[PDB]
Structure formats: structure tokens, C-alpha cells
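Chemist: Mind looking over this structure? Questions follow.
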Amino acid sequence: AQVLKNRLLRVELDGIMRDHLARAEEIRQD
Amino acid sequence: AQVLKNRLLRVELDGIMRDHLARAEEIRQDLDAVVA
Amino acid sequence: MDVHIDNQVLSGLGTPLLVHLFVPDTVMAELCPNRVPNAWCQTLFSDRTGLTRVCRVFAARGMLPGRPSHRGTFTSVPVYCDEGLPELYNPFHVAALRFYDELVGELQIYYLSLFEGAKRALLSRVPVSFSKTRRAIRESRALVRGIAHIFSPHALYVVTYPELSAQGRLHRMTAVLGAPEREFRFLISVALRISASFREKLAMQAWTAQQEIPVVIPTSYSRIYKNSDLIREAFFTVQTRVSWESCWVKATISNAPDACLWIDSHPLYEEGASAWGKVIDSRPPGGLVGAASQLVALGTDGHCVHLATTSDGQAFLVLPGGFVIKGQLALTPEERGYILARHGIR
Amino acid sequence: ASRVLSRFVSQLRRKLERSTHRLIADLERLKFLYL
Amino acid sequence: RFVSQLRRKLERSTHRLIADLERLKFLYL
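Chains as they are written, first to last, in the deposited numbering: chain K, 58 to 87; chain G, 58 to 93; chain C, 1 to 38, 42 to 105, 108 to 127, 264 to 317, 332 to 412, 416 to 504; chain B, 3115 to 3149; chain O, 3121 to 3149.
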């Protein structure tokens, strides 16, 4: 369960980074 | 044994990494409201 | 990408939205020897356990991706757990596959590993497959993206691509655990009740062996196997990680089709994850003496414990040395129907 | 004259910058809920 | 018009930096 939760936090972490890189679109026109 | 301890370390780590964005968000919302 | 548009118009009856995926050969090689499969979709719920109908997935192997970086097999996963509107995603929600040629090997995949990478990767006439013409024009690299697998630590490629509204609704969906927590606890629960049945059968009897299967035994058997050396009989219950490969469920799936014997054999102490779910046959012209040859070849295994299940509701545990302890198999028939719906139809 | 309304569109661009931080901000709360 | 450049370079410096912080997180575990 520990190694399950480790890969589970590594698969969710790229989601918020992809959301931040999507928010970086609005940076480029400001 | 001590995944409780490493869990506490990653909890305080994400706390101090939320600290930087809680710092930066208000400063980024201050610098664009001077346009009046 | 042939299987992608092969089950996109067939599985549309049982499932609204269909996902296109790849399995590398390296990750699924430990699921099945010699790549013997060539599927059956059954998505089980995290908090809403239940049972669902089985969906068929057309997969064809030996055919590469568009990438030359890796070469593996093709697959597809149906998504039909989201009730009504599919805008909600269930997180920590498994999807289980039964890929097969002749039923061999199982695959489990989270919905979260699927959906996070799916957004990451971005005077008649004859009928035409409009999906086939729309698939053919993308044909690019970035349709496929590599995503780690939480069950087995390898990258599982999904192929998604701006095809139509059916995938078009898919990446717009988001929502606000316990799905593998149940299946381990369930199997260890039935293993504990079986070991308790063996405990009371050794208890109501004298602490003795009946020795159903004959085999000769040396004088040093109480030396080289120590006094009350039940180390394997201790750790047997930790060593049963799988159930649906095990012979324990092979009795329950064979009650309706008549009754043969099934064997779960394990190493005396960590000699390898040996074997799960084999047959002792009385049907073919090997006959009952041919089955007896297999059973004495079983009892002569000096480096393996053995567990026997009959299809009519009886369980046995064959020690290395020909000794055996009788036992009972019977459980609440809700769990019979639970296992029977977990495998296939009732 | 023609330099008036861009000052109004800048606050509309700031409006989405203010509101879309909550989309990130509830997600680490969800991380603490699950883990 | 000189405010729209220094602010932009500093938020680019922090949007690389928050990725560096998550990289330090991956360095931890």
C-alpha cells in the first residue's frame, strides 16, 4: 500500500503541473 | 517503522512549498492594480 | 490502431466511451508465459463494490505502435462506471481486464492513471466506417503518451487523439479508495477460515496424519523436517496473494459445468511463486490410474506444500511427505455468486 | 480616448487570474484528504 | 510602458521555480 500510494502521488502530481502549464498560456498574452 | 515520520516530513514540506505560492499570489495581484 | 476502431462500434452497446491503449510486452510478460493470450472487461468499484456485466474487448497482438521506441500489444478499456453524466470521475477506481486466447492472465488499471494521461497526451452506396476515415488523418506521434502504472511499475502507453465528440467530452471531465483493499482482505479472509477449518479438523482428531496419498518416507523425516515444522503451514496464508489464479476459485467456477480436483502448490520456503490453479483430470483416457499417477507425483514433491480443492465442496492440504489433513470448503453463497460474477456469468 | 477601455479589459484578465487559483488551491486540500 | 516586463520576467522566474520545488519534492521521495 505504501508503494501504491507513492506511485499514486506521482501520477497525481503531474496533473497539477499540467494545470499550471495550462495556466501559463494566459501568462504569454499578459 | 517510520513512514509516519517521512509522511510528517512531506506534510511540512508541502506546507512550506504552499508558503511560496501564498507569498507570490498576493504580490502578483498587487502589481497589476496600479493601472488606474 | 486497428483494434481501436474494431471495438469502438461493437462495445458501444455496453459502454458509452471507449479508451484506446497499448500494453508493452515487457510489462505483461510476467502475466502470461510465451505470450499465449491474443479480452473481457469487468470494472469493479471502489466503495460501490457490487457486480457488473462483462464487456468484450477486441485485441490483436504482434503489431507495433507508430513509435519505433517500443513495440508491444494493442488493447482497449471501456469506461462505464460513471452513472448518467460521465462528467464525474471516480478516483482510485480500478478497471480489470481478462485478456485471453484459449483464460490466462489478468490486468488491473486505475481510472486515474488512464484519465490523467488522456488529457496529458493532447441504388445504394456502401456504408463507410466514418471513425476509420477520421482515425486515418491524425497518424501522428503525440497521440501516444507514456504513463506509469501503479500496480506494476512500468509505463503504459495510451493513445488518444482529437477524433470526435465521444473523446471530445472525455477530456473535459473532472471530479472531486479501497478498491484493492477489499480483494486482498477477502482472499485472506477465506484463507483464514480455511486454515481454521484445518485447525478444527486437526483438533477434533488427534494431531495425526491419515496419509491419503502413499509415498515412502525416510527415517530422518523428523530430523530434516523439524518437530512441528509448520513453517510453510505458518506462511502459507501470506503466500496466497492471488485468488483468481488460485485453484481455490477453480472449484467454484466448475460447479455448474462435473467434478474434478484442483491443486494450489507452493515451495517449502520462497523457492519461487510456484503454481496456482491446475487440473487433476479423470475425463481423458489417462483415466483414474492416470490421475493417480499425477497424485503420487504430487505427494512425492519433497520441496512443496500442496492444497487440494474438490468441486463438490471439500478442501484438502497435502503436506510434503504424503500426509494430508481433511477440511471443509463451504461458505456463504453470496460470496459464491460474488466470485462467479467476478469471473464471468452466474 | 482610445486608451480607456484596455484598462477595463485588464481587470477582466485579472478576474480569471484571481478565480483560477482556487482550481489549484482545492487540489492540494484533496491531496491532504487522500494522503 | 515598463511595468509589463520586470513583472513578467519575475513570474517566469517563479514558474520555473515552483517546478524546481516539485523537482526537489521528487528528489526527496
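From the three backbone atoms N, C-alpha and C, an ideal C-beta is built for every residue, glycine too.
Find the residues of chain O that neighbour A79(K), judging by a C-beta separation of less than 8 Å, and give them in chain order.
Modeler: The contacting residues do not exist; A79(K) stays about 12 Å from chain O at best.
Chemist: Just to confirm before moving on: does the CB-CB distance between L487(C) and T467(C) stay below 8 Å?
Modeler: Yes.
Chemist: Buried or exposed: which applies to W420(C), given that a residue is buried once 16 or more other Cβ atoms fall within 10 Å of its Cβ?
Modeler: With 16 or more other Cβ atoms within 10 Å, it is buried.
Chemist: Can you name the start and end residues of the beta strand (DSSP E) that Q472(C) belongs to?
Modeler: Counting along the chain, the beta strand (DSSP E) containing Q472(C) begins and ends at 472-476.
Chemist: Taking only beta-carbon atoms, is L3141(O) less than 8 Å away from chain K?
Modeler: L3141(O) does not count as touching chain K.
Chemist: Using a C-beta cutoff of 8 Å, does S3116(B) count as contacting chain G?
Modeler: It does not: the Cβ of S3116(B) has no partner Cβ on chain G nearer than 8 Å.
Chemist: Is the Cβ of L70(K) closer than 8 Å to any Cβ of chain O?
Modeler: Closer than 8 Å to some Cβ of chain O, the Cβ of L70(K) qualifies, so yes.
Chemist: Who does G287(C) pair with in a DSSP beta bridge?
Modeler: Paired residue(s): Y298(C).
Chemist: Could you pull the start and end residues of the alpha helix (DSSP H) that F390(C) belongs to?
Modeler: Counting along the chain, the alpha helix (DSSP H) containing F390(C) begins and ends at 386-394.
Chemist: Do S79(C) and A62(C) count as a contact pair if the criterion is CB distance below 8 Å?
Modeler: Yes, the Cβ-Cβ distance between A62(C) and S79(C) is below 8 Å.
Chemist: Can you tell me whether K436(C) is helix, strand or coil according to DSSP?
Modeler: Note: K436(C) maps to strand in three-state DSSP.
Chemist: Assign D422(C) to buried or exposed, taking buried as 16 or more other Cβ atoms, counted over all protein chains shown, within 10 Å of its Cβ.
Modeler: Label assigned to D422(C): buried.
Chemist: Under the DSSP definition of a beta bridge, which residues are partnered with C58(C)?
Modeler: Bridge partners of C58(C): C44(C).
Chemist: Roughly how far, in whole angstroms, is the beta-carbon of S3124(B) from the beta-carbon of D87(G), given that I think they are within contact range, below 8 Å?
Modeler: Incorrect: roughly 14 Å between the Cβ atoms, too far for contact.
Chemist: Determine the extent of the alpha helix (DSSP H) in which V454(C) is found, giving its start and end residues.
Modeler: Residues 445-457.
Chemist: Quick check: what's the CA-CA separation for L3119(B) versus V92(G)?
Modeler: When rounded, the distance between both Cα atoms is 12 Å.
Chemist: Using 8 Å as the threshold, is the C-beta distance between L127(C) and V82(C) below it?
Modeler: No, these two residues do not count as a Cβ contact at 8 Å.
Chemist: Looking at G75(C): is its Cβ nearer than 8 Å to the Cβ of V23(C)?
Modeler: It is a contact, given that the beta carbons lie within the stated cut-off.
Chemist: Can you tell me which of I291(C), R504(C), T458(C) puts its alpha carbon nearest to the alpha carbon of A411(C)?
Modeler: Of the listed residues, the one whose Cα sits closest to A411(C) is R504(C).
Chemist: Per DSSP, what kind of secondary structure is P425(C) in: helix, strand or coil?
Modeler: Residue state, collapsed to three classes: strand.
Chemist: Work out the CA separation of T407(C) and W362(C) for me, nearest whole Å.
Modeler: So the two alpha carbons sit approximately 30 Å from each other.
Chemist: Would you tell me roughly how many angstroms separate the C-alpha atoms of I349(C) and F474(C), rounded to the nearest one?
Modeler: One C-alpha to the other measures close to 10 Å.
Chemist: If we cut at 8 Å on Cβ distances, does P294(C) have a partner in chain K?
Modeler: Yes, its Cβ sits closer than 8 Å to a Cβ of chain K.
Chemist: Is the beta carbon of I291(C) closer than 8 Å to that of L66(K)?
Modeler: Cβ atoms of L66(K) and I291(C): not closer than 8 Å.
Chemist: Can you find a C-beta in chain B that's less than 8 Å from the C-beta of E83(G)?
Modeler: No, no contact with chain B.
Chemist: With distances taken from CA atoms, which of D416(C), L489(C), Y116(C) is nearest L347(C)?
Modeler: Of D416(C), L489(C), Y116(C), the residue nearest in Cα terms is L489(C).
Chemist: How many angstroms separate the CA atom of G444(C) from the CA atom of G480(C)?
Modeler: Cα to Cα, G444(C) sits roughly 22 Å from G480(C).
Chemist: I need the DSSP call for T363(C), collapsed to helix, strand or coil.
Modeler: Note: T363(C) maps to coil in three-state DSSP.
Chemist: Looking only at its chain, what residues have a beta carbon closer than 8 Å to the beta carbon of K273(C), apart from the 5 residues adjacent to it on each side?
Modeler: Cβ neighbours of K273(C) beyond the five flanking positions: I5.
Chemist: Taking only the alpha-carbon atoms, compute the straight-line gap between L78(K) and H3135(O) and give it to the nearest angstrom.
Modeler: Near 9 Å, if we compare the C-alpha coordinates of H3135(O) and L78(K).
Chemist: Would residue 413(C) pass as a contact of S281(C) if the rule is Cβ separation under 8 Å?
Modeler: You won't find residue 413(C) in this model, because chain C goes from 412 right to 416.
Chemist: For chain C, is any of its Cβ atoms less than 8 Å away from the one on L66(K)?
Modeler: No - not a single Cβ of chain C is within 8 Å of the one on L66(K).
Chemist: Would you please state the rounded distance, in angstroms, between the beta carbons of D71(K) and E338(C)? I believe it to be under 8 Å.
Modeler: Contact doesn't hold; Cβ gap of about 27 Å is too wide.
Chemist: Sorted by chain position, which residues of the same chain lie with C-beta nearer than 7 Å to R56(C)'s C-beta, five sequence neighbours on each side aside?
Modeler: Here the set comprises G14.
Chemist: For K381(C), count the other beta carbons within 10 Å of its own beta carbon; 16 or more makes it buried, fewer makes it exposed. Which is it?
Modeler: Under this definition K381(C) is an exposed residue.
Chemist: Taking Cβ positions, are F95(C) and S49(C) nearer each other than 8 Å?
Modeler: The answer is yes: Cβ separation under 8 Å.
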